[PDB]
Each structure stands twice: as structure tokens, then as C-alpha cells.
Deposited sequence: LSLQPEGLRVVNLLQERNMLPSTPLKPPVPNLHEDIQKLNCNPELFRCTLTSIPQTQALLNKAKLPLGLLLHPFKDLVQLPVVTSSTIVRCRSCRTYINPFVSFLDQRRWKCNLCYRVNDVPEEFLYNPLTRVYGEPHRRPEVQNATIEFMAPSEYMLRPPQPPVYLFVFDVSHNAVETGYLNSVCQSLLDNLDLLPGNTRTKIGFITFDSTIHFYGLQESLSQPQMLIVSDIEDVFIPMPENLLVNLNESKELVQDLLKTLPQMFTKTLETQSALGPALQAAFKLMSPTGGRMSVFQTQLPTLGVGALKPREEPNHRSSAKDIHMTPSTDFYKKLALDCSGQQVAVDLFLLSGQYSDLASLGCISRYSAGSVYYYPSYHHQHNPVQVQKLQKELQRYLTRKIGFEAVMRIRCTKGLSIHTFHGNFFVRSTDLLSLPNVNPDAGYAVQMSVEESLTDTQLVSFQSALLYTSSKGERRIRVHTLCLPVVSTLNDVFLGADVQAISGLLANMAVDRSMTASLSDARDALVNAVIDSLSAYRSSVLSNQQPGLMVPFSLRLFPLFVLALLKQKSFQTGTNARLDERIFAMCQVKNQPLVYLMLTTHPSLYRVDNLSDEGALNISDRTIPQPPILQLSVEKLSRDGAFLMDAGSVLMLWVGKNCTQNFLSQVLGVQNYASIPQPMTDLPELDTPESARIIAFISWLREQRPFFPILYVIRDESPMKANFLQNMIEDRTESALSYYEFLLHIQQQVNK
């Protein structure tokens, strides 16, 4: 712990050796033990400023970050024949209410006193768990629970055919056909497209599937009333045969044009009646029909900071899907510019997500192949919620003014989520609309109303309680550096689309300068409170990330995708991507968690992102959340080469090395135990590639050394020198 002050210019080794842990709100013991898990719901300032004036002085953003549908280990499910909610603001009775007349409770959000219905009340599950799931009564559904509906839309043009993506996708579907969430009501369908739209009829009475082709690009329609979206259970065999045939039907195709816009409209018409999840696979710029996009010249390290959609077609389309409870996930596997800035809209506004696989090729890109494989695996098997809405409530006085994430905001701030997935993150920015002079505690409550894959209307609720403070020092003491960095990244993405990349990068640097400056004016070197000792480091990382970097050679869609991730991912993965964990791994030992019964699990210390920490004498593992790169030094030990890599010398380490082998050596067991532990901390199996040699021309391992200097960016030290110059200007 500590209320100490740090001089950033003298420490320079402030990153801790062990994982960073979220701040613990300064709350009474009993209240804090009931608080919401920080992985599910957290605040950028665990000590909420009592006034907007106080908030503005600190120069730190106030907001919430949430991962509401996260996969839980244990979840309390209350089936109450009646759901207890405040008669005024409809808030769900929670652990932080105030029981007085033991038959009357005071709402922690609007202060109204309610009557506890005749149905030790403070012992009820609803008051003992901050996270809980309720069964929704008949009044919480606009229609009978919709069945699960999966519609797959595939690009099959010449380029798409050349990538070979269809084969793996169809193969992943076949293997997971029985794992797709749902009961006997599950429906599935397929559409392929090039210059035309191809539907597939499936009937047990016919000898084979029928390809119904709509060529009228300017006026799509559903060719058949039945058998396009078929019942999976009943037609399992017919779907399996199709998945086995598709990858072979377009081998010799000559179609170079892709009518994505019309195909999406037809897919929409097909799903409009029920709603569901549309999975679109595209490999190039759409150029035929409505929604066609113009080519663009990729930038270069030279071009300065001089983002937005070229058209609103996909946004309007995404809004239409949303009103019909249709979510659109986009899998872009393009080798050339495909205007993702415009295509991405289809997923942003319908609550879907975008998956990107730059230069995907069945033979040429063994890395993107396995990535898609593992990402599809998660995608097809993770839990899902249908036709959902989310509402975020906070105590009177606090107001949410900006929402971040993939959804569509309706009236009186209703978050429309056609689909709700367990890997999506959201963020909110708030302000103190009314001085909190009254209370000493404030609450935050998110309610997620959805239909399960089993057809049951459910409501998942998370409640967070935090203390209110009135001094500048208390605001700083409770600051959550990671949460603040996450909300700033989201704010910067909006600023980029709103003003420009330059304006975004500037506001990022000014949030650091403004905050330390405010700090300084209320206390020689660069002084910062303990809670913010990592603030400049994380912002610098953000500035060097693919979303905001400048002098680099990053391509257009790459930047957009990184921004899509900032907006759609949960805090934890944003941090892993922005500031990867680096560990030395050629000399692992026993200071680990050899507690896991029969496994030891080494716990090497986290190193800061600098080439000054590397060494040509060892090997280093970098955990970037989505991937794990293992760099091997040229002068690495012979023991590591033979006992871990299974090679006799550096020279013979296979170029693309998709993973480590499992050799019968104690050294192999250690590293493989370490890596196994890293990937067990998440649901998206992260691929590993040692390909990171000292000459594989894939040493993009270095781009993550955010602390060193580059020809077009400052080092960590320079950045600090710059901030100090501004702090005491």
C-alpha cells in the first residue's frame, strides 16, 4: 500500500513484477465483501468526487467499464415468482439498499422507501449477491422467446476462393454443429454470393440441396417460403452434406466482383421474421450494387495525421437489423484495402463484432489459419443471448452522458443488443449532475434482459457500490490507472472520428499533463501519486498502439480494426494488447504456483517493454492476450534449443513455428506448464509462435517495446521529459 508520492524521473522501474490488481474501494469491510467483482464492473475513480467542480479539478475522466455477460464460475439464479424493484426508478433490490422498518427498504439509487412484499429479509439471495440472475415474468417480453437462428453468409468470389478460408470455416461448423447453443428449436441457414446472391434450400425429400440464385441486385427477395432457414435437429444430415459440398462448388470461379450490400439485404430479409445471428465472411472491397465502396491508397510512414465511413449504407442497414433483433458479426479476411471503416458499421450498430485476418491464405499464412480456427471455435461454442436490452442505472446526482461499445442507444438510454455475447466489453462516461452532498455512498446497476439459447427470458444484474469523497487527494488516492486508460482509449477513438487522429493523440497527452499538473498545484522532478505512477507509461503505450501510432507503416484497415477492438473488448484484453506482459523463459524454476496439486507452474517476473531488458543469451515470451510470441536470442543456450525447442542449433529452428513441441524433458514441462497457465486465464485460446527469431522478418515483437524510441516516436524517458516540461510550464 502507500499514500506516497513518486518521482517518475528517478524510479524508471515502476512496473511491478507481479500482475496488477484492481483498486479496492475505500469502503467499510462488510460492504466491500459484497461488492461486484471488478472483472465484471469497475470505475475509473473508486472514490467518486462529491462535486463536478472537484471532478474537473482532478482532470481525470469519470466512467464505468463493464463485461456484463462474462462467463461466470458460479451464478445465483433467483426464480422469484415476483421480482423486487423500486417503485420509483425500477432499480432491482440489491445488497446495498438500506433496510429499516425490516418490512420497508430504502433505494440506494433514488432514495425512495419501498414496501418489502410478503414474499430475516436481508438474508435473501437478492441482498447477498451483487451479481445475480432473475427469471423474467411474462411482462418482460414483447413476444414469445425467439428460437436460436444462425445464418452464415459467405463471399465466394475469385479472391475468396483463392484464400481457401471456406474450407476451414465449413470444417469448423461440421465439428461444432452439436455445440451451437440452442435446444430443438435451433434454426440454421446459408447464403453465398459474388455478383449474385445464392440461397440454399434443404429438403429431405430431395436428393441434394438446391442453390436458388437471385441475380436482381437492385431488388432482392426470398425465393422460397420454407427450407432456407431449416431446423438443425431435424435436418442435421442435410446440413452436414452441404458443409461438405460448399468448399468445392466455386473452385474454378471467375467472379471478381462482390455484391456485399445486396447479399446483406437479402440475409436481412431472410432473418427479419425471427431475428438471430448473421455471420458474414468477406475477403475484399465490395464493388457491385448498393453499398459499393471506392478503392483507397494505403498511407506510408511519411504521411502525417491527415478514419470515417465513406457511406452510411451499412450503418442504416445495421439499424434495420437491430430493430428486427438481428446482430451482424463481420469476419474480414482481406489481403487488400476493403474499407473496413465503412463495413465495420454493420457490426457496431447491431451489437455484433468484427474479426480481422489480414492476408489470410490457406497455404501462405499458416498463422492466420490457426487464429481463425481457434477464434471460430470460441465463436461457435460460447454462450449466447438473443433479443436483449441493457440499462445502466446510477444514484441520483450522477448521470451517464456517453456510451461506448457495440449496440444501438434508443430513447431514455436503452442499450439495444440484438445478440449479447460473453466476450464483449462496454464503457460509460458520467458526470456529477447534482452535488452529492447528501449521500456518502453511490451505486451503479446494470440490468441485462435477454432470451437464453434455451428460450428462457432472463435478467442478469450487477451492482457496484462506491464511497463519495470531497478532497482532491482522495480522488487521486482511489484512481484506477487501467480503467482510466481504457475509458481514454474509447474517448480517443470517438475523437478520431469526430475531429482527427491528431486531435485524438493530443487529448491523450493532455489528459496526462493536465492531471499531473493539477496534482502538482496541490502538493523539481515529475511527481505523481502512487495510484498514477503508471499513467504516463500506459498512455504512451496507447499512443504507440496500432489504433493511434503515427510514423509507422500500418495500413488503413489495421488501424480501424484496432479501434474496433478498443471499443468492443473488455478492459483486461485492451491492457494485454496495449501493454503486453514480457517474461524471460529460458531459465524458469520453482518460485511458482506449485500448488495446483500435481503441477508446479513457474511464475517468472514481468519485465518492462524495452529491448534493454532482452538478451541475446536467452528466450523471451510476450503475452499480448490474443497471441503469445516467443523470441529466441541468437546466442541462446544449447540446453534451451535441444531440451525445449527440440533443435540442435539456432540455424535449424523452423521458420514459421506454430507452437512448441512436447519433449520428454523437465525443461519442456516447465515452459509448457507456464504457457498452459497463461491460456487458462482466458476463453480465447491464444496461439503461440516462436517464429520470432532474430531474422524471420516477423519480429513485430519489437513494435511492442513501447518504452524504446523510434524514428517517429518518443521513448518512455523522452515522453516523461516532455510531460515535465509541460507540467511546470
{"query": "In sequence order, the deposited-sequence ranges that have no modelled C-alpha atom", "finding": "1-5, 125-135, 323-325, 543-547"}
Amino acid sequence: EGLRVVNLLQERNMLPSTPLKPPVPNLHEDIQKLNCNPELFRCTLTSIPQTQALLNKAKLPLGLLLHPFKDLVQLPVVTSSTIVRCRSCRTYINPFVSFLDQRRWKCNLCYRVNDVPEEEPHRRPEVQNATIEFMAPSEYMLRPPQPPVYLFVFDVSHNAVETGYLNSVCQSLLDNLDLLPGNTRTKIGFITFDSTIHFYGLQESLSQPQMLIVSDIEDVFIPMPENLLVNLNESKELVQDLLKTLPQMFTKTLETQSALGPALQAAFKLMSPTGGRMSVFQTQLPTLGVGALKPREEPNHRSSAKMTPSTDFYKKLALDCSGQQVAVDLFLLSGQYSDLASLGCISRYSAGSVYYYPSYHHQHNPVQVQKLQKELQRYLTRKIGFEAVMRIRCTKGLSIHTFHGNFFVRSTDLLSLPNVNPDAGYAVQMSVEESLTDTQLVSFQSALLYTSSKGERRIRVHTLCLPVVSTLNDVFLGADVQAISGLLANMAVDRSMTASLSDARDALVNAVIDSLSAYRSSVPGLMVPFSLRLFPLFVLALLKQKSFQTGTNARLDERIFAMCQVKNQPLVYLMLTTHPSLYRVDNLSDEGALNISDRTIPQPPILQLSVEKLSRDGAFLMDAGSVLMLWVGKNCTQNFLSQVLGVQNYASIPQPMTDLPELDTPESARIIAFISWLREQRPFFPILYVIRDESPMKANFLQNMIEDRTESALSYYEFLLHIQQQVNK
From here on, numbers count along this sequence of modelled residues.
query: Mean Cα B-factor comparison, 254-262 or 459-467, giving the higher one as deposited; finding: 254-262
query: Mean C-alpha temperature factor, higher of 33-41 and 681-689; finding: 681-689
query: Selection from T192, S431, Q102, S353 [criterion: highest C-alpha temperature factor in the record]; finding: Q102
query: Top Cα B factor in the deposited entry, candidates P654, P95, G478, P602; finding: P654
query: Position of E126 among the chain's modelled residues by C-alpha B-factor, lowest, middle or highest third; finding: highest
query: Chain third (lowest, middle, highest) by recorded CA B-factor, residue given as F134; finding: middle
query: Relative C-alpha B-factor of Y111, binned into the chain's lowest, middle or highest third; finding: highest
query: Chain third (lowest, middle, highest) by recorded CA B-factor, residue given as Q336; finding: middle
query: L663 by Cα B-factor - lowest, middle or highest third of the modelled chain; finding: highest
